[PDB]
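Asker: quick one: experimental structure and sequence below.
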Amino acid sequence: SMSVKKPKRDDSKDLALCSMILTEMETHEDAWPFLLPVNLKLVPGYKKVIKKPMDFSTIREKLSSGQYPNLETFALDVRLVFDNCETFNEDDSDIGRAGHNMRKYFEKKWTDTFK
């Protein structure tokens, strides 16, 4: 509360560490469905169904341009990428399986880097 603060967690490396995690996600062999925005002209249904599209390139641009206020807003956009994927793709599809693999990969790196 006013003039009463928990001890200050060092967040000065968060930008660099989120960038490294994002690089590792970008270079994973199952990243290919997620590298670029889904083409809304060419994929029927996507525009209407997925209210907030997100992809790695879009996260990378937001990161590079100071559009994440903190590391939690960054994790929310990464998770959004996988949540959208599950909303639109069957579990038993190449893309569906890619999304589950990448989420697992991300969550481990997140825990190991920050928890």
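Answerer: All right, it came through fine. Numbering: from 1, shown residues only.
Asker: mind telling me what element residue 57 is part of?
Answerer: In this structure, residue 57 sits in helix 56-64 according to DSSP states H and E.
Asker: where along the protein do the helices fall?
Answerer: All helices of the chain, identified by DSSP state H, fall at 14-27, 46-49, 56-64, 71-88, 94-114.
Asker: of all these, which lies closest to residue 38?
Answerer: Smallest distance to residue 38 across the helices of the chain (CB to CB): 5.1 Å, for helix 46-49. (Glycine included, C-beta is placed from N, CA and C.)
Asker: which other helices and strands contact that closest one?
Answerer: Contacts defined by 3 or more CB pairs under 8 Å, 6 or more residues apart in numbering; DSSP states H and E place helix 46-49 against helix 71-88.
Asker: pull the CA atoms of the helix it packs on into PDB?
Answerer: What follows is helix 71-88 as a C-alpha-only set of coordinates in PDB (Å, rounded to 0.1, in the frame of the first residue of the first chain):
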ATOM      1  CA  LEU A  71       7.200 -10.000 -18.800                       C
ATOM      2  CA  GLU A  72       3.600 -11.200 -18.000                       C
ATOM      3  CA  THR A  73       2.100  -9.300 -20.900                       C
ATOM      4  CA  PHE A  74       4.700 -11.000 -23.100                       C
ATOM      5  CA  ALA A  75       3.700 -14.500 -21.800                       C
ATOM      6  CA  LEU A  76       0.000 -13.700 -22.400                       C
ATOM      7  CA  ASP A  77       0.700 -13.100 -26.200                       C
ATOM      8  CA  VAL A  78       2.800 -16.300 -26.500                       C
ATOM      9  CA  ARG A  79       0.000 -18.300 -24.800                       C
ATOM     10  CA  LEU A  80      -2.600 -16.500 -27.100                       C
ATOM     11  CA  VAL A  81      -0.700 -18.000 -30.100                       C
ATOM     12  CA  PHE A  82      -1.300 -21.500 -28.700                       C
ATOM     13  CA  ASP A  83      -4.800 -20.900 -27.500                       C
ATOM     14  CA  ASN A  84      -5.800 -19.700 -31.000                       C
ATOM     15  CA  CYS A  85      -4.200 -22.700 -32.500                       C
ATOM     16  CA  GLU A  86      -6.200 -25.100 -30.300                       C
ATOM     17  CA  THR A  87      -9.400 -23.100 -31.000                       C
ATOM     18  CA  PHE A  88      -9.000 -23.600 -34.800                       C
END
